[PDB]
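# Chain and residue survey
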Amino acid sequence: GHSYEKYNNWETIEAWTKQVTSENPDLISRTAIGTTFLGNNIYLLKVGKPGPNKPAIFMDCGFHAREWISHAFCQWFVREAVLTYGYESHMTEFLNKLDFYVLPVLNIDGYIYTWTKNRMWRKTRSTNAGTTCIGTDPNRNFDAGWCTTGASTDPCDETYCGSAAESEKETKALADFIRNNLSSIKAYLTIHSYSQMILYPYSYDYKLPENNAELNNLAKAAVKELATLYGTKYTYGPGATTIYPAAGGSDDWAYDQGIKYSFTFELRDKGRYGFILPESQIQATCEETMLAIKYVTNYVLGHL
Ligand SMILES: N=C(N)Nc1cccc([C@H](OP(=O)(O)[C@@H](NC(=O)OCc2ccccc2)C2CCCCC2)C(=O)O)c1
Ligand SMILES: [Zn+2]
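Residues numbered from 1 in each chain as written, not as in the entry; some residues may be left out. Chains lettered and ligands numbered in written order. Heavy atoms only, no water.

### Structural notes on the overall build of the chain
For the chain, the helix and strand inventory stands at 9 helices and 8 strands. C-alpha atoms of the chain, sized along the principal axes, occupy 55 × 45 × 40 Å. Across the 304 residues that make up the chain, the buried fraction comes to 57%. Taking contacts inside the chain between residues at least 6 apart in sequence as the whole, the part at least 24 apart equals 73%. For the chain, the accessible surface area stands at approximately 12,000 Å², while carbon and sulfur atoms represent 50% of it. In the chain, the 28 positive side-chain charges and the 33 negative ones have mean positions that sit 2 Å from each other. (Helix = DSSP H or I, 4+ residues; strand = E, 2+ residues; numbered from the N terminus. Buried < 20%, exposed > 50% of the residue type's maximum accessible area, 1.4 Å probe, protein only. Contact = heavy atoms within 4.5 Å. Areas by Shrake-Rupley, 256 points an atom, 1.4 Å probe, with all protein chains shown as cover. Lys, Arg positive; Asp, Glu negative; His and termini not counted. Charge placed at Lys NZ, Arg CZ, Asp CG, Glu CD.)

### Description of the site of ligand 1
The immediate surroundings of ligand 1 are formed by 23 residues, with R122, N139, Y244, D251 and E266 found nearest. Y244 is positioned such that a nitrogen or oxygen atom in its side chain is 2.6 Å from an oxygen atom of ligand 1. Within the complex, the protein chains bury 80% of what would otherwise be the 750 Å² of accessible surface of ligand 1. If you list the elements that add at least two residues to the shell around ligand 1, you get α8 (250-257) and β8 (261-266). Residues that form the shell around ligand 1 fall into these classes: 6 nonpolar, 9 polar and 8 charged. (Near = heavy atom within 4 Å. Polar contact = N/O pair within 3.5 Å; in protein donor to acceptor, adjacent residues only side chain to side chain. Nonpolar A, V, L, I, M, F, W, Y, C, P; charged D, E, K, R; others polar.)

### Re the pattern of salt bridges
The final tally for this structure, using the stated rule, is 12 salt bridges. For the salt bridge of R66 with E158, the shortest nitrogen-to-oxygen distance reads 3.5 Å. Remark: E158 occurs in the loop between α4 (108-116) and α5 (169-180) and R66 occurs in the loop between β3 (56-61) and α2 (68-84); sequence separation between them is 92 residues. A salt bridge links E166 to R179, with the shortest nitrogen-to-oxygen separation between them at 2.7 Å. Note that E166 is positioned in the loop between α4 and α5 and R179 in helix α5, a separation of 13 residues in sequence. Taking the relative accessible area as the measure of exposure, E166 reaches 12% and is therefore buried. One connected set of salt bridges, linked through shared partners, spans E166, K172, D176 and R179. (Salt bridge = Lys/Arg side-chain N within 4 Å of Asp/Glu carboxyl O.)

### Describing the nonpolar core
Formed by 83 residues in total, the largest nonpolar core has its most connected members in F58, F100 and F263. A total of 10 residues in this core trace back to one element, the largest contributor, which is α2. In this structure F100 touches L45, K46, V47, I57, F77, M91, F94, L95 and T297, once residues within four positions along its chain are discounted. (Core = buried A, V, L, I, M, F, W, Y, C linked by side-chain atoms within 4.5 Å.)

### Side note on the coordination of the zinc ion (ligand 2)
Ideal donor angles around a metal are set by the shape: a four-donor tetrahedron calls for 109.5 degrees, a six-donor octahedron for 90 or 180 degrees. Around the zinc ion (ligand 2), the protein supplies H64 (ND1), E67 (OE), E67 (OE) and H192 (ND1) as donor atoms, at distances of 2.0 to 2.6 Å. With 6 donor atoms in place around the zinc ion (ligand 2) and angles of 54 to 150° between them, the coordination shape is irregular. Read in sequence order, the donor residues coordinating the zinc ion (ligand 2) give the pattern H-x2-E-x124-H. One end of the pair, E67, is in the loop between β3 and α2; the other, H192, is in strand β5 (residues 185-192), and 125 residues separate them in sequence. On the basis of relative accessibility, which here comes to 3%, the residue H192 falls in the buried class. (Donors = N, O, S within 2.8 Å, 3.2 Å for Na, K, Ca; no water. Tetrahedral: all angles 85-135°; square planar, octahedral: opposite > 155°, others 65-115°.)

### Some words on α2
Between the first and last C-alpha of α2 there are 24 Å, a value that for 17 residues agrees with the 24 Å anticipated at 1.5 Å per step. Taking burial as the measure, the 17 residues of α2 include 14 buried ones, the bulk of the element. Immediately beyond the C-terminal end of α2, within one or two residues, lies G86, with a positive phi of roughly 90°. (Expected span 1.5 Å × (residues − 1).)

Now the structure itself:
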C-alpha cells in the first residue's frame, strides 16, 4: 500500500505510477524511456493539461539509491500538481502553460538493493569486468568533462565513472530522452540528499555559467521562499566549490545541452539523520521544497 508520508519500495512505487496515471488521465500520461541493467522499466510521468507545442520542465529523483527522501519528493510533487490543479492559482497556470516531466526513480536497481540488502548503497547494480565490485555512479556517467575530476576509474569506488560516458543503460535512457526533447525542455532539476542546498553549474571545472548572476539570484530567492514555512536554512552556489569538484554530472550536462536553468537540489537534513531521514520529516521537507520548485517554475514561465 502506497503512502506519501512514508517511504515506498519499488513495487509500491511502480504500482503507484500506474495508479496515479489512471486516475488523472486528464493531467498525467506515463511512458517508459528505457530499462535498467536488471530489466526494470524506467517510468516517466508527463504532468500537465495537454496542448500544442508546450514547453516543459524536467525533474528526476532517485539518481542515488540510498537518498530516499528524493524518491519521496517526486511522488509528493505529482500529487500536489493533480490535487491542487484548478484550486491553487499558480499550479493551475503552470499545468496549462507547461508540462512537468517527472522521473520518479532513475536508479531503480540500486533502490531495490537498499531495500533488500544494503540501505547505504549509492551506485547502479551493473557488473564490471575483472572484478566483483558492482556498480557505476550515475552522476559521474554523463558526457560532461567525463571522468576528469571528482570521479574514480576504480569500479570499487563510490564515484566510479563507468567504462565510458553513458555506459549505464539508465543514464543513456535519460540523456536520450533529453536530447530528443531539447526544443521543449526549459529547465532541468535533479533531486538528491542531503545538505539543504541548491547548486548550479559547474562541477566538472571551476568556471561559472554564462548566466551566472541570473542563476545566483534565482537560487537566492528560491531558498528564501523555502525558509518561509519552518525556517529551514538552505545555502546555494556553483557545485565545484559549494560541494566538491565532480565531473560527469547530469546538471552540468543538461546545462551544456543548452538548458539555461539547471539545478541540483540537496534536501534535508544537515547530517543529523543524513540519508536516513525519518519518515516523520517527509511531509515538512516536501512541503518546503515545493515552494522552491514552484518559485523556480514561475520564473521559467517568464522565458517561454
Ligand atoms: N555535477 C555535480 N557533481 N553536481 C552535484 C552537485 C551537488 C551534489 C552532487 C551529488 O552529491 P550527493 O550524491 O547528493 C551526496 N554525496 C555523496 O554521497 O558523496 C559520496 C562520496 C563517497 C566517496 C567519495 C566521494 C563522494 C551529498 C553531497 C553533500 C554532502 C552530503 C552527501 C553527487 O555527488 O553526485 C552533485
Ligand atoms: Zn546524490
